[PDB]
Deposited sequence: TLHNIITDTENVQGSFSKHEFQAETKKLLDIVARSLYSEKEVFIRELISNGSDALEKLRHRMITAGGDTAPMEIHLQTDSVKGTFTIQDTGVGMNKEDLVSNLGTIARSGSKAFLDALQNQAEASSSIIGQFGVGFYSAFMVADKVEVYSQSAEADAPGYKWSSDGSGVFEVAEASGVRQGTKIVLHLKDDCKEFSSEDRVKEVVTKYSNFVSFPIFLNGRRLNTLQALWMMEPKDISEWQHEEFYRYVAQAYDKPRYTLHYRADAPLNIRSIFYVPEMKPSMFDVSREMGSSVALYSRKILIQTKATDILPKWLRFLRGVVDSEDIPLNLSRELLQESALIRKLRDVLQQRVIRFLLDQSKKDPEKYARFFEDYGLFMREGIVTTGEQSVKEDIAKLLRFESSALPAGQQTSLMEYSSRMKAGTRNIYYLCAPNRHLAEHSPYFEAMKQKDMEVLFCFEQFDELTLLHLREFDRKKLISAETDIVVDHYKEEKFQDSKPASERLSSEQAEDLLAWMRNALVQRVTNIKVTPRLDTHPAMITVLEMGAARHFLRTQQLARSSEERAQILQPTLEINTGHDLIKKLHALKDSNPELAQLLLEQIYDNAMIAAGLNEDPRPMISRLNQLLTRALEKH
């Protein structure tokens, strides 16, 4: 059935013809100035980053060949003339620099600058540009672009282009040291002559730019990149502020993890666990690089189960996509994710020690995420790492108290859980008579776990009544699957269930078959009464039977909402109080 036409049949005949690749410049502009980014607004991000680079370069040159203005990014909107303007007080550009850097696509003076630095210099980690195309994103939104630039040298210039394959350059007077870029906005892009709009964009992408940013004379970016500062020299109130900002929330972080590492990768990061539990009516961690936003929802840096974390991750040597809203597929990113997952797990274990009470609450609220982690990830090594966070009750421990899976195993022991709705049902299991996982998805969780600690874990799964016994089976027909006697004290009866699967598959139903078994205490003065009132008062006996049964179901946690019984109970009480 095979059909392949591919065959080694070709032979070159003759020689020569060496050619150089070329570039259709006019179309390449158009690509850059249109087809690169998801949203037009990104041109602000690009021009501010460029201005930041011009300031960073000035700062760096003055370390050594020191000189004397303030280092600032200024924005101005003109809604009437329909312009947007940005000015920096940076190194500026001479004529040669404008023709070269602005007039050549893919040429990056800032990349050249970066390559020539001592790799330890502070400018090494803060210069943003590398691709040599960002500036052309202005033509995304503008028919005319004007650049006024004064070098920090021994003549000011104006660079001008409509974005159609040509530009002009003339000498300019009255040009302040640095660079002024004026965009004559297109009709459909006039929203960028709106102050509120430009403000939105600056704070979205450029809020943590090193240098101060002014819009129409007013400072904006008062927030500092906490993730780049020394952990122990940050306050509790600053995290509170920063968390809220980056999480877009209004509560506190209940956990803060400030993780810096130069080690497997450059990592400057902060992670928060919200104080508030998430629920039925609901951002993630954001990815930055050199203080500039890449993704508000970082996709490939953390596992999926860790998405309950808010915060920030910034690497400076992470390979960026040309759009600067994506990462390139890389072994570094698959490692960073492995590193962050292990670091966050170690952090949460440390918290289960520092404050086991507090961790308990955190596992109530977010423990569903670990459970998901175990069921999803393929790596068996990792499944047992996440399983270190799980908490349950034990057969041997008391109620309301939990333990980790790593609580030893006590001699030969080489494998012991019963997933049940609640305590009372578990302690009365047939298969318990040989761990207590009361939470939902606990079964499915350990069923995917399969092993922990190389160890194992498998689903541990007088005669005066008789008439009464036989009578109740005639009243509660197809409600229970059996009725028996029991030696119970304060309770007239109790409800026990055999298969724990049958109890789950029943609470999800909002008769229902689960083969429930009702055990009766013939030492109770209610059962004693029931026996008598059987023949003495059949209609009162019926009411009292259904109550005792209902009561036992409630006490077993198999009747959470007793609304159905209230009318009938009221009737039993009046009948029962007829006497008094």
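- The deposited sequence has C-alpha coordinates everywhere except the stretches 69, 156-157, 286-291, 420-422, 428, 448-455, 483-506, 533, 557-565.
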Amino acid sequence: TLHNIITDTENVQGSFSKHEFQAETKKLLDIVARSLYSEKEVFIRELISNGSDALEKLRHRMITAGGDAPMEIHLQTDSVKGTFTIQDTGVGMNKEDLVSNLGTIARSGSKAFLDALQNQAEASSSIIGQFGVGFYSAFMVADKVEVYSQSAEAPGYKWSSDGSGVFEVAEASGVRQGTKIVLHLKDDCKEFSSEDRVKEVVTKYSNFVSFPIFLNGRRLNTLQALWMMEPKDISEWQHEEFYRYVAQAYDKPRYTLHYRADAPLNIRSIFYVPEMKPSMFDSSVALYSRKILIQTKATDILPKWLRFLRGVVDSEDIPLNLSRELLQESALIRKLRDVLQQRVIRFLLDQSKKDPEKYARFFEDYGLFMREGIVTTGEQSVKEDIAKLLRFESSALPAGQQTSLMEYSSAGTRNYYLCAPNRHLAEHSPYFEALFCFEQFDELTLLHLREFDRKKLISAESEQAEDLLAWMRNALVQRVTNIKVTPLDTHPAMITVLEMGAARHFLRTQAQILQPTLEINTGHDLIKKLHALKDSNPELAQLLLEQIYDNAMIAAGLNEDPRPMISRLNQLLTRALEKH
From here on, numbers count along this sequence of modelled residues.
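Rigid core (definition): largest C-alpha set, two forms, superposition within 1.5 Å.
- Once the structures in 6 other deposited structures of this protein are superposed via the core, the pair 323-331 and 138-146 is resolved in favour of 323-331 as the more displaced stretch (C-alpha RMS).
- Remark: when the other structures in 6 other deposited structures of this protein are fitted onto this one via the rigid core, 392-400 deviates more than the alternative among 392-400 and 125-133, judged by RMS CA distance.
- Of the other structures of this protein that model both sides of residue 271, every one gives it coordinates; not a third omit it.
- Across the other entries compared, none leave residue 207 without coordinates where the residues on each side are present, so it is far from a third.
- Stretches compared: 260-268, 88-96. Higher mean C-alpha B-factor in the entry: 260-268.
- Note on 58-66 vs 36-44: mean CA B-factor is higher in 58-66.
- The entry lists C-alpha B-factors for 238, 104, 403, 216, and the highest of these is at 403.
- Sorting 483, 169, 349, 141 by the CA temperature factor given in the entry leaves 483 at the top.
- Sorting the modelled residues of the chain by their CA temperature factor places residue 546 in the middle third.
- Among all modelled residues in its chain, residue 554 ranks in the middle third by Cα B-factor.
- Residue 420 sits in the highest third of its chain by CA B factor, as recorded in the PDB entry.
- Per the PDB record, residue ranking by Cα B-factor puts residue 185 in the lowest third of the chain.
- Looking at the C-alpha B-factors along this chain, the one for residue 248 belongs to the middle third.
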